[PDB]
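Student: Line by line, the protein sequences give chains P and S. Residues 3264 to 3567, numbered by UniProt numbering, are exactly what the first sequence covers, in order. Residues 3264 to 3567, numbered by UniProt numbering, are exactly what the second sequence covers, in order. Each residue gets a CB set at the ideal place from its N, CA and C atoms; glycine is no exception. The structure follows.
2 protein chains.
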Amino acid sequence: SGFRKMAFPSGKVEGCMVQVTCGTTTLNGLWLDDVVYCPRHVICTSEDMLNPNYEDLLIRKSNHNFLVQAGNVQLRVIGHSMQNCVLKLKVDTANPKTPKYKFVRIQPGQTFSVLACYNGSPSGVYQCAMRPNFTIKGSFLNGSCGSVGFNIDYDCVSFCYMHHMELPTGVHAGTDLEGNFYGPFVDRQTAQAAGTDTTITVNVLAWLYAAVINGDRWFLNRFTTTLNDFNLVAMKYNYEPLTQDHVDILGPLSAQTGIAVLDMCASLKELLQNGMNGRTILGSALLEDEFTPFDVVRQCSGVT
Amino acid sequence: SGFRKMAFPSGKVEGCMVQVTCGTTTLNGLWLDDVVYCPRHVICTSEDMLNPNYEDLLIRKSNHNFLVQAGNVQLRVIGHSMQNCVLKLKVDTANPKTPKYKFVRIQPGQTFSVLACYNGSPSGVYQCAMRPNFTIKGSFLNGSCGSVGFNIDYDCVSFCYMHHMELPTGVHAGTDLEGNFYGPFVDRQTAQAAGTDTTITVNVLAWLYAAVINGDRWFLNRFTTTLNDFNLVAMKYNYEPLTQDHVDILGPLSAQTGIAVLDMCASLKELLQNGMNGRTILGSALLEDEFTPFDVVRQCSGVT
Ligand SMILES: C#CCCCNC(=O)C[C@H](Cc1ccc(F)cc1)NC(=O)[C@@H](Cc1ccc(Cl)cc1Cl)NC(=O)[C@H](N)Cc1ccccc1C#N
Ligand SMILES: C#CCCCNC(=O)C[C@H](Cc1ccc(F)cc1)NC(=O)[C@@H](Cc1ccc(Cl)cc1Cl)NC(=O)[C@H](N)Cc1ccccc1C#N
């Protein structure tokens, strides 16, 4: 029993973190086989960051302008290329700690673990969701750029995020591992705004199912609702519309608890309309939306 | 910027997790140099668990009654001993992945990371505090026994917890790595109750300092209070008394924000008396008490 924000074990990713230096700028890189992946703004100065032309800045660099450190051992760069917003540095040594891995680009509402690093050295691990507005509410200080997000599936590491920048609101924006930003953002030091966020409805429902699995039932009721009437309420409270694909994803948890999805929607609706009234759910005084249906199944038991 | 429940990177501990089997009972073990550490109730049957005599049960066992698996490779047990509530199994192979490490017994209110494992295989990582009543609010399923809690300091792994059991309330109890339980608990399948818990005052204050560091100020006020008048309020709301050692621990955060400790106590008092009134602090609708002063400094920047 119990329910915690749980990250994947980070060891397979720890053995891939390196430090990349170009001029005075240092950030983190990801070392897989013989290629090091990092944000391309490592090739920028403070002046270049205002409005950079990266093709221009990179053509002015050679392999020896880049310093790669793995532990204390320095790696030799034998080639370099740019792919979207990530820099690829070919090195002379294949990383012997390279896990089985894939690059995947995730959908808003999916979760992943972040291994926050500074100067190539892992400092901590936490759980994140990709918000509907394509930012993440991370914990990142200067020098965290190049930290990656990932999921693990049977010793295959699926990398899905690389950290690039913090926006004026304090939230964070980055790319997939092929350098494509999540959301409309671009890698220049201009003030960019995220669109207004919404609550990840399917995740709030998964977490309500987690609460039932752990014996929390005070919020349930006998009422049920329709998909359409619930979505009217969702709109009113800035919740993502609930799709039928989302109803179907919640199937396993619905069956394991006996509570039909649209039955749980009536409880959420009532929770949205009446608040918690001082009570808590799984130790929280607000509705949590950074657990997917998959996260709940993985962490919870197969029996209530 | 940002503030997350952050665990230590788990890789150094991942390379130490093994599976220990005795009869039909399997749980997790910790493999350091040539010794495997695990809960002693691995030598129990379902019948033995009601009221075991462990010296009796262990004298009836030989080395070959214990199966140790590291990955798929089986380890050979060449000796065994009991120390308090942990079993020590000597094996023929020193763990080549043994980190620099120490065993430490922590105080209530301190935090640590848990690497939850099943059948010797790590499944996830999360942050925990030792509650004042010497339980932890973990996330543990059957088979998690032997999972360990740890802190990391400059590549030294300080192990401080081994998981043994879940109590009727759903919270969890375990030992230090020398087998001494935290709290009054014993390792038999009787219904034991934890004492009533209290809120970790010094940690709530550290977290309020975290909020200021991240630009959250709506809860501050101009009032200050005395240590004695605050402790009257603490008692009323089931908060640990605040000691002078605790005031002094909060020194660095006080200086970095300019807010004196007893100044922050007046804000906490007002928060305790008036509630949040719908607002949140670092994304939470209640006062968080599982971040130590040290956790806040480690995760936050040196400048507000
Ligand atoms: C609550 C709350 C808000 C608190 C105040 N928040 C900030 O002051 C962060 C601040 C906000 C901001 C945004 C646009 C601006 F015009 C001016 C300022 N963001 C940065 O200064 C950007 C500027 C930048 C560099 C490079 C590129 Cl490609 C894009 C961008 Cl936007 N620096 C970084 O993101 C570092 N790579 C990494 C870094 C540095 C410093 C602090 C954190 C990080 C991280 N992580
Ligand atoms: C909300 C809420 C509460 C929900 C209901 N909670 C439970 O049903 C857990 C249940 C509560 C309980 C306590 C005392 C009893 F008399 C009877 C039952 N606890 C267990 O069944 C103990 C019994 C036990 C075994 C060995 C020793 Cl040494 C001591 C103890 Cl007490 N089993 C374990 O702790 C496994 N080692 C590991 C394990 C098994 C199953 C589930 C979780 C775990 C873990 N982690």
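Give me the subset of the stretch 3400 to 3417 of chain S whose CB atoms are less than 9 angstroms from a CB atom of chain P, sorted by chain position.
Tutor: Taking 9 angstroms as the Cβ-Cβ cut-off against chain P, the residues of the stretch 3400 to 3417 of chain S that qualify are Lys3400, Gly3401, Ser3402, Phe3403, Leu3404, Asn3405.
Student: Distance cutoff 8 angstroms, beta carbons only. Does S/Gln3562 sit that close to anything in chain P?
Tutor: Mapped onto the second sequence, residue 3562 of chain S falls at position 299. Yes - at least one Cβ of chain P is within 8 angstroms of the one on S/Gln3562.
Student: Along the chain, where does the alpha helix (DSSP H) containing S/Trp3470 start, and where does it finish?
Tutor: By 1-based counting over the second sequence, the position of residue 3470 of chain S is 207. 3464 to 3476 is the extent of the alpha helix (DSSP H) around S/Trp3470.
Student: Just to confirm, are S/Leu3295 and S/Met3280 a CB contact at a threshold of 8 angstroms?
Tutor: Stepping through the second sequence from its first residue, residue 3295 of chain S is reached at position 32. Stepping through the second sequence from its first residue, residue 3280 of chain S is reached at position 17. Contact flag unset, no.
Student: Would you mind telling me which residues of chain P sit closer than 7 angstroms to S/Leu3549, beta carbon to beta carbon, in chain order?
Tutor: In the second sequence, residue 3549 of chain S corresponds to position 286, counting from 1. Those within 7 angstroms of S/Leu3549 in chain P are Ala3548.
Student: For S/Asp3311, report the span of its alpha helix (DSSP H) as first-last.
Tutor: Taking the second sequence and counting its residues from 1, the one referred to as residue 3311 of chain S is at position 48. S/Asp3311 -> no alpha helix (DSSP H), and no H or E assigned at all.
Student: Under the rule that 16 or more other beta-carbon atoms within 10 Å means buried, what is S/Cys3380, buried or exposed?
Tutor: Within the second sequence, the letter at position 117 stands for residue 3380 of chain S. With 16 or more Cβ atoms within 10 Å of its Cβ, S/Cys3380 is classed as buried.
Student: With distances taken Cα to Cα, identify the nearest neighbour of P/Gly3265 among P/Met3527, P/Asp3479, P/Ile3522, P/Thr3520.
Tutor: Working through the first sequence from its first residue, we reach residue 3265 of chain P at position 2. It is P/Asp3479.
Student: Distance cutoff 8 angstroms, beta carbons only. Does P/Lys3363 sit that close to anything in chain S?
Tutor: Your numbering for residue 3363 of chain P matches position 100 in the first sequence. Judged by the 8 angstroms Cβ criterion, P/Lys3363 is not in contact with chain S.
Student: Might you give, ordered along the chain, the residues of its own chain that have their beta carbon closer than 6 angstroms to the beta carbon of P/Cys3423, omitting 5 neighbours on each side?
Tutor: Start at 1 with the first residue of the first sequence, and residue 3423 of chain P comes out as number 160. Once the five neighbours on either side are set aside, the close Cβ partners of P/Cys3423 are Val3367, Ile3369, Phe3375, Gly3412.
Student: My assumption, with CB atoms under 8 angstroms, is that S/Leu3352 sits in contact with S/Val3298. Please give the rounded CB distance.
Tutor: In the second sequence, the residue the question calls residue 3352 of chain S occupies position 89. In the second sequence, the residue the question calls residue 3298 of chain S occupies position 35. Yes, S/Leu3352 and S/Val3298 are in contact; Cβ-Cβ is about 7 angstroms, under 8 angstroms.
Student: Among the residues of its own chain, which have a CB less than 6 angstroms from the CB of P/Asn3396, if the five just before and after it don't count?
Tutor: On the first sequence, position 133 is the one that residue 3396 of chain P refers to. The residues are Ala3457, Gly3458, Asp3460.
Student: Helix, strand or coil: which one does DSSP assign to S/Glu3553?
Tutor: If you number the second sequence from 1, residue 3553 of chain S lands on position 290. Coil, per DSSP.
Student: Under a three-way DSSP split, which group does S/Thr3289 fall into?
Tutor: Here residue 3289 of chain S refers to the residue found at position 26 of the second sequence. Strand, per DSSP.
Student: Within 8 angstroms (strictly less), CB to CB, does P/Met3269 reach chain S?
Tutor: The sequence position of residue 3269 of chain P within the first sequence is 6, counting from 1. Yes, because at least one Cβ of chain S sits closer than 8 angstroms to the Cβ of P/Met3269.
Student: How about S/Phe3403: is its Cβ closer than 7 angstroms to a heavy atom in ligand 2?
Tutor: On the second sequence, position 140 is the one that residue 3403 of chain S refers to. Because some heavy atom of ligand 2 lies under 7 angstroms away, the Cβ of S/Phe3403 counts as near it: yes.
Student: Closer than 7 angstroms, Cβ to Cβ, to anything on chain S: give me those residues from the stretch 3379 to 3398 of chain P, in chain order.
Tutor: So the list reads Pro3385, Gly3387, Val3388, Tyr3389, given in the order they occur along the chain.
Student: Let me confirm a value: S/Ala3454 is counted as buried when at least 16 other C-beta atoms fall within 10 Å, else exposed. Which label applies?
Tutor: As a first step, residue 3454 of chain S is located in the second sequence; it is residue number 191 there, counting from the start. Classification of S/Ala3454: exposed, given that the 10 Å Cβ count is below 16.
Student: What are the boundary residues of the alpha helix (DSSP H) that P/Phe3493 is part of?
Tutor: As a position in the first sequence, residue 3493 of chain P is number 230, starting the count at 1. Counting along the chain, the alpha helix (DSSP H) containing P/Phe3493 begins and ends at 3490 to 3499.
Student: Relative to the C-alpha of S/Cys3301, which candidate in S/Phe3486, S/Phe3493, S/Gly3437, S/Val3420 has its C-alpha closest?
Tutor: Numbered from its first residue, the second sequence carries residue 3301 of chain S at position 38. Of the listed residues, the one whose Cα sits closest to S/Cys3301 is S/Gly3437.
Student: With hydrogens ignored, establish whether the beta-carbon of P/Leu3535 is closer than 7 angstroms to any heavy atom of ligand 1.
Tutor: Here residue 3535 of chain P refers to the residue found at position 272 of the first sequence. No.
Student: Please give me, in chain order, every unbroken run of the alpha helix (DSSP H) with length at least 4 that falls completely inside the stretch 3266 to 3351 of chain S.
Tutor: You should have 3274 to 3277, 3317 to 3322.
Student: Determine which residues of the stretch 3433 to 3456 of chain P have a Cβ less than 9 angstroms from any Cβ of chain A, and write them out in chain order.
Tutor: Chain labels in this structure do not include chain A; the protein chains are P and S.
Student: Output needed for P/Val3510: all residues of its chain with C-beta closer than 8 angstroms, excluding positions within five of it in sequence on either side, in chain order.
Tutor: Against the first sequence, residue 3510 of chain P aligns to sequence position 247. Hits under 8 angstroms: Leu3490, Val3524, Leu3525.
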